[PDB]
Amino acid sequence: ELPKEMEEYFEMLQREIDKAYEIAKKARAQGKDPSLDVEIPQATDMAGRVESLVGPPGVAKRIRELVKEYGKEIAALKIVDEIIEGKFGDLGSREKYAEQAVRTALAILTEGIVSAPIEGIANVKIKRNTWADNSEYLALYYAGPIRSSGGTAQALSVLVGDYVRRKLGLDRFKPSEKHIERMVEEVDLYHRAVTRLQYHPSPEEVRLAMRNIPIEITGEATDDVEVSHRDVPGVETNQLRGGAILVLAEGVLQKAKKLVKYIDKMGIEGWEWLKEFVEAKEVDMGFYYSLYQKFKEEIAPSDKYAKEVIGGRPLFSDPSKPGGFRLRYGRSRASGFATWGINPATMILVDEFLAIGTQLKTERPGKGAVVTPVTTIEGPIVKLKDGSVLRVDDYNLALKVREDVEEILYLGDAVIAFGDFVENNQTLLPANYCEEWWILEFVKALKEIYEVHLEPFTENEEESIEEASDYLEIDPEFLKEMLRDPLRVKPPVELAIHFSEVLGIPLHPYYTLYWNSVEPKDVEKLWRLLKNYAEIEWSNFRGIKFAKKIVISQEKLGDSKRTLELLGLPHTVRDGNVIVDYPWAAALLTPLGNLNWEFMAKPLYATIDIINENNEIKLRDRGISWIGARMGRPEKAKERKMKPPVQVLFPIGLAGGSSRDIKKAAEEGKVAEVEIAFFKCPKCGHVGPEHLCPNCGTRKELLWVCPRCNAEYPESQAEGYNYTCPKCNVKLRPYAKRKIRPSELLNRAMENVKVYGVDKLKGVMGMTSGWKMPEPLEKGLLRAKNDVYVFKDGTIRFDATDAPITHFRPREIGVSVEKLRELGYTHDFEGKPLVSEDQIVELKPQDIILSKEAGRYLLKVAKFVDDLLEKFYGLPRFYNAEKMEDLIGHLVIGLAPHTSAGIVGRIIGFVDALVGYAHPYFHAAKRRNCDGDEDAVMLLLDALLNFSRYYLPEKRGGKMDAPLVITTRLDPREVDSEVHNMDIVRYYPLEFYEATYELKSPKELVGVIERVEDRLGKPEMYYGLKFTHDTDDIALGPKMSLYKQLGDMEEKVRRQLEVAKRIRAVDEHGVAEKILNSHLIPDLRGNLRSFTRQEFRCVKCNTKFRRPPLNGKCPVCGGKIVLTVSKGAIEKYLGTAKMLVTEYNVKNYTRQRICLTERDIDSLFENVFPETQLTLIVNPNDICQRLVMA
DNA sequence: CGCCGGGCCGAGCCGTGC
DNA sequence: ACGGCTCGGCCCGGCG
Ligand SMILES: [Mg+2]
Ligand SMILES: [Zn+2]
Ligand SMILES: [Zn+2]
Ligand SMILES: [Zn+2]
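Using the deposited numbering, the letters of the first sequence correspond one by one to residues 2 to 283, 308 to 1215.
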C-alpha cells in the first residue's frame, strides 16, 4: 500500500505514543487518582472514534464493511436499519432505539469529531398530535451546544430524524396556526434581542419550513425573554428556544443546497419542497474597454464586508477600487487553505497594524483571511514628502523610508489560491499580468519559432539550453537561472525589449506601468509636454534604442506630475527639475514608440488599446482586478486561564476570600463548609476528601449519602442497594455539605511534596460536576510553584492562531541538518539528498512548528510534569529539558473549541511569530478552517496523567473541549471537505490564464488544475504536494499589532484615521466617520436607555435589587448600595463623538443626533447635578451651540 | 507612628418604532 | 458584539 517511508513514519509515531502510554499507566496504577487507568483511549480511523464516542459496542466492523462496500451515506443508512431491527442487542422501548439510531447516524455522517451527537441532541421523545388526529410523531430536543456545530450538522440531524421516524412507522407533524405564529415571532425576537442570526429568513420561508417538516423541532429555554403567543399546546415553555430556531434558520434553510445534494446522493424521497425552494432560489470598441464593461456587468462589487468599522480597526481599501490589493493567483509555501499572501513591506508601511496572523475581512473569494509574509510578490508604491515616488518591494527599505511617507499610491499584492475560488464558487476575475504568465508565453514562442523544448521551474537538458542561448545570443547560465526562478531573476529592460522584438511576446510585466489607471487625454497632454519641453539621453543595444534619462522642469511639467504618479513611475525632484532615471525611462517611452507616433485620444478606447493598435511592442493590462479588505481580530499566542484564574480544582467556598485563596484561609484558621466527596478506608476507617489513607496507604472507597435521611453507605454496600436508601425511597448521592479545615490538609500536602515556600494557591468557589470529586492539593502546589494554570477538565492549555504550511527550510525553524536526519528527513522536495540548510523540505502530516511563547510556556509545563513524576509518583523524569529546543521530538495533542476528539502531533522547530504553523491536514482533522480560528495545544503526557472524566461539568456543554478520544494516524479521506479543493500544482497552465479573461466559473476547469480530491484513494496523498510561490522567510515582518499598544479610544481613532488618510483608496473623509459613528452611537444610546431601568446590588453580597431600597443600605447587611450602570459609563465616548463630528463632514442627520444626545444627557440629570460652578472663558470651539445659533 | 497614594483584583455593562 | 470601559475595596510602600 504505502511506500517504505510513510509507514515507517507512522510506526515511529506509534512507538513514541506507546512509550508515553506505558509510563502513564504505571503512574496511574498506584491509586492516587480518580481512576486506576488512563482515561483517554486511542483510535485509528473514523469507525473507532464513532464506537468510542456513541457506540453501540461492536459497530466498528460493520461500519468498516459498509463503507468499504457502498459508501459513507449508504453505510450510515444500513447502520440505522441494523440498529432499528436489533443486530446490536436489546435496548428497550422504541425511544431508546430512535435515540441510538439518530446519534450513531449523525456521528457517522459527521465523521465522529464534533460533539453535535453527544451534546447537541438533548433527548428524543415520542409525542401525540392530539389537536388534529391524535397520531404519533417524533420530536427532537436541541440543547445549547447545538448552537455552535455548524450549518451542516444541524440539517443532517433533521434529515436523520426524518429517516428514523419514517423507518419506525410513525406519522408526521401537523402544526396548528398558533405554532406557526409562535415560530415567526420567536425568529423575529431572537434577532432583535439576542444575536444577528448570521442569516435572516423571511416570514414566508418560516411558514413553508414549518408546514413541510415531518418532525417537531423543539427544545428547552435558553434565553430570559418572554413571548406573546403563550400556552401553545405541546410546548412546555413560554421563553425563547434558541437551539431549535437556530437549527431552523441556519440548517435546512441556509444550507438547503448541501441538503438537497445529500438527499440526491442518499436515495431519500419526500423532500421535494426543498428541491423546489432551491430551484426557485437559484460600432468600434477596444478589447479592454469591452472587458471592463463586461467585468463590471457580470461581477459586481460587494459591500457586505465594510458595513461596520470598530474604532481602532482600520479599513485598507474600498470595494473593487483601483489602488487597493492587486489580485494574484497562486499558493505560497505557508498559504492556501484560507489565508492570503502579503509582502512585509505593506505590513510595515500601514503603521504595523498588520502582523503575521492578523485577520482581515475580505470581499471577493470569501469572508475572512489570515495574512502570511511572501517576499516574491510586489510591495507598495509610496510618495515621499519632498515629492519623489518610490517602489518599496523590500523590508529594510521600508524600515528606512517609513518616516518620510506622505501618501501610499498603491497598496501591494495579495496571493489567493484557486481552491479558495472553487470552494466559495466565485466567478473567476481577469488575471493581472505577471512573471509566471510571461515565462509560459516565452517558452511557447521559443518552441513555436525555433522548435526547442524547455520548461520553467525545473532543470532542462544542456543541449536545449545551448541551442536556445545560441539562437537568442545570450549567456546560457543566465537562461538557466531565469528559467529556474522567473520570480526572482529578471532580464534588463533592453534584453526584455530584444526578447519582445525577436520572439513576439508582450513586454515583461516588471517594466509595464499602470497605463489603464489614466485617461487617454491625460496621456495626450503628457505626450505633448514630453515632446515639447523635455531633454532625453538615448542609447543603443543590438540595434534597439532606449531612453536613459528624462529631465523636465516642474513649471513646464505643470499638473502632469499627478499623471506620472498614477502610472506608478519612480522619479525624483531636484532644484525644480523632475528626473526619470535609467530603468524607468524606457518603461515610459518605449510603449509610446519613442515619440515616433502621435498619441491621440479616441472614444470607446483605452490607453493600452491605443498603444497596442499603434506600437510594435505589445502590452498587457498590469492591474485590472482589485480586492477590498478591512482589519479585525488581531493574532493571539496566549495561554489559557479561567475567568478567575485557578491552580487547583478544590472548592474553598468563602473562607479563601474574593480570590479563593486556599493558603490565606489555611493560615487564618478559618473553617469552611462546602460540598465534596468523602472517601472512607475499609480497614481503619479514615474519612476525608483523599483517595489514599495517610495512616496505611490503602485505597479508600467513596461514600454515598441519602439526601433527606443522613445514612452513609460505602461503595461496596451501595452497589447492592442499587444506590437507593433502604430505609427511605430516595436515590443516593456521592456528596453532601460538609465542613473542612484547610490548615491540616495544606500542611499534609506541603509535607508530602516538600514544597513550603508558596504564597498563593487559588481554588474554586464550588465544583460543577455531579460527583464533586476534588483534586489532590499536591498537584496544586506543584502548579503554583512552576507558575502554570488548570482548565475545567484538569489540563494545561495554550491557545494560538493557526496557519498552514507544507514545505519548510531548516534555517527558518533553527534546526540542524543532522537533527533532521535523525528525525527522519533524508531528502528535499526535488529528490536530492539533504545536505544543506537552504534546501526546501516537505513537511510530514503530523509535524508541527510552535511559536516561542508556546515553547516558553511548555518549558514550565515540562518542568511541572517532571516534578510531578519525581515527587508524587516516585518515577524517573521524562523530558529533562533546560531550554525550549530540548522539546523537539516530543508529542502534543491538538483540540478544537467545538469538538471532542484530539489528534497527535510532533514538535520539530520554533518560529518567532504568534501563530501555530502545521500541515493543512492537521488543521482539517480538527474541523478548523484556518481563517481566524484558534485552537489549543497540550503535552501528551500531561494530559495522560492529569485528564479525568470526573471533573467534567454536568450541564450540557461540559463534554465540549475534552480529549475523549485521540487519533494516532491521519487519513485525508475523512478529515474535511474544504481541504479537498486545495491545489497541489507547481505552476498553473496557460489555459487557466486564457480562461480567466472569459469570466468563467472555477467548476469549468476543475480537471485542468490538480486538486487534493484528485488523489484520494491512491497511496500518493502524503507524498508529492507542491506549491506555486516561494518566500525567503516564514516569520519575517512585524510580530505584534499596533492595536495592542494603544490605550485611549481617542488615540486609537486618531491613529486609524491617519492610516486611512494615507491610503489613496480609502476615502476616510466622511465615510470612515459615518461608518465609525455607528459604533459609538449604539453605545451612547444603549447606555442611556439602560440607565433608567437598572438593578442595584450590595458590595458585600452579590444580591441584586430590582428597586432601590428605601433605607439606602442592604437589608441583610450594613453594606452600601452601588449602581450597575454608572453615569460615567454613558458619556465616555461623547468627546470622541464630538471630535469626529467637528473635524469631518458627515451627513446632517448624524450631527443632529450627536447634538441631541448631548442635550439629552445634560437634561436627564437636571435636578441631581445642577451646574453650580462658573468658568473663566467660554466658547471652547464647540459645534452644537454654533449649529443652534445658525 | 500615622497617613496618601498607587497598583492590583474582582463586580458589572455595551442602537430598537406600540 | 465582546473585549474594553467604569466603579469599589484592600494591602504595601514611602514619607514626613
Ligand atoms: Mg472559520
Ligand atoms: Zn486506612
Ligand atoms: Zn435515607
Ligand atoms: Zn449585603
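Each residue gets a CB set at the ideal place from its N, CA and C atoms; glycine is no exception.
Less than 6 Å between the CB of residue i and some heavy atom of ligand 4, yes or no?
i, result
"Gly1144", "yes"
"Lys1125", "yes"
"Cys1139", "yes"
Beta-carbon within less than 7 Å of residue i's beta-carbon, same chain only, minus the 5 sequence neighbours each way: which residues are those?
i, result
"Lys386", "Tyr330, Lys392, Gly393, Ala654, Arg655, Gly657"
"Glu519", "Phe566, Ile569, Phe571"
"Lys179", "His230, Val233"
Is any non-hydrogen atom of ligand 2 found closer than 6 Å to the C-beta of residue i, if you look at the structure I gave you?
i, result
"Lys980", "no"
"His711", "yes"
"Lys668", "no"
"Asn954", "no"
"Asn777", "no"
"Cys753", "no"
"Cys721", "yes"
"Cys718", "yes"
Short of 8 Å in beta carbon distance, which residues of its chain neighbour residue i, apart from the five on each side in sequence? Order them along the chain.
i, result
"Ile18", "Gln43, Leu916, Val929, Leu965, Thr993"
"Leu807", "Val778, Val780, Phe889, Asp892, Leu893, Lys896, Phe897"
"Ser684", "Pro669, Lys785, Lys787"
"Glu700", "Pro676, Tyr760, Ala761, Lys762, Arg763, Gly791, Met792, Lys797"
Could you tell me if the beta carbon of residue i falls within a distance shorter than 6 Å of some heavy atom in ligand 3?
i, result
"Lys762", "no"
"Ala736", "yes"
"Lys26", "no"
"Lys756", "no"
"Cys706", "no"
Closer than 6 Å by C-beta to residue i: which residues in its own chain qualify, once you throw out the five before and the five after it? Chain order, please.
i, result
"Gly121", "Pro146, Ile147, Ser150"
"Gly220", "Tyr142, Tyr143, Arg242, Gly244, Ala245"
"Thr826", "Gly382, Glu660, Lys661, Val940, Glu959"
"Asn954", "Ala363"
"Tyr1018", "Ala456, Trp462"
"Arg1040", "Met1046"
Using only the heavy atoms of ligand 1, determine whether one of them is closer than 6 Å to the beta carbon of residue i.
i, result
"residue 304", "Residue 304 cannot be located in this model; the chain continues from 283 straight on to 308."
"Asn213", "no"
"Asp986", "no"
"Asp958", "yes"
At 3 residues or longer, and completely inside the region 975-1031: list those beta strand (DSSP E) runs for me, N to C.
-> 990-992
Unbroken beta strand (DSSP E) runs of length 3 or more, entirely within the region 199-249: which are they?
-> 217-220
Return the chain-ordered ranges of every beta strand (DSSP E) run that is complete within the region 429-487 and spans a minimum of 3 residues.
-> 430-435, 437-441
Counting Cβ pairs closer than 8 Å, one from the region 225-242 and one from the region 257-271, do we hit at least three?
-> no
Complete alpha helix (DSSP H) runs within the region 493-565 (minimum length 4 residues, chain order) = 501-509, 518-528, 545-557
Which ranges would you report for the beta strand (DSSP E) in the region 744-773 if only whole runs of at least 3 residues count?
-> 761-765
Which runs of the beta strand (DSSP E) spanning at least 3 residues fall entirely within the region 347-379, listed in chain order?
-> 350-354, 365-367
So does the region 962-978 actually touch the region 876-889, counting three or more Cβ pairs closer than 8 Å?
-> yes
For the region 632-647 and the region 522-533, state whether three or more C-beta atom pairs, one from each stretch, are separated by less than 8 Å.
-> yes
Kindly provide the ranges of any beta strand (DSSP E) runs that are 3 or more residues long and lie completely inside the region 14-81, ordered along the chain.
-> none
Which full runs of the alpha helix (DSSP H) of 4+ residues lie inside the region 812-891, going along the chain?
-> 842-848
Three-pair Cβ contact test at 8 Å for the region 489-508 versus the region 557-565 = no
Of all the beta strand (DSSP E) runs that stay within the bounds of the region 622-689, which reach a length of 3 or more residues?
-> 654-656
4-residue-minimum alpha helix (DSSP H) runs that sit fully inside the region 1086-1169, ordered along the chain | 1093-1116, 1159-1168
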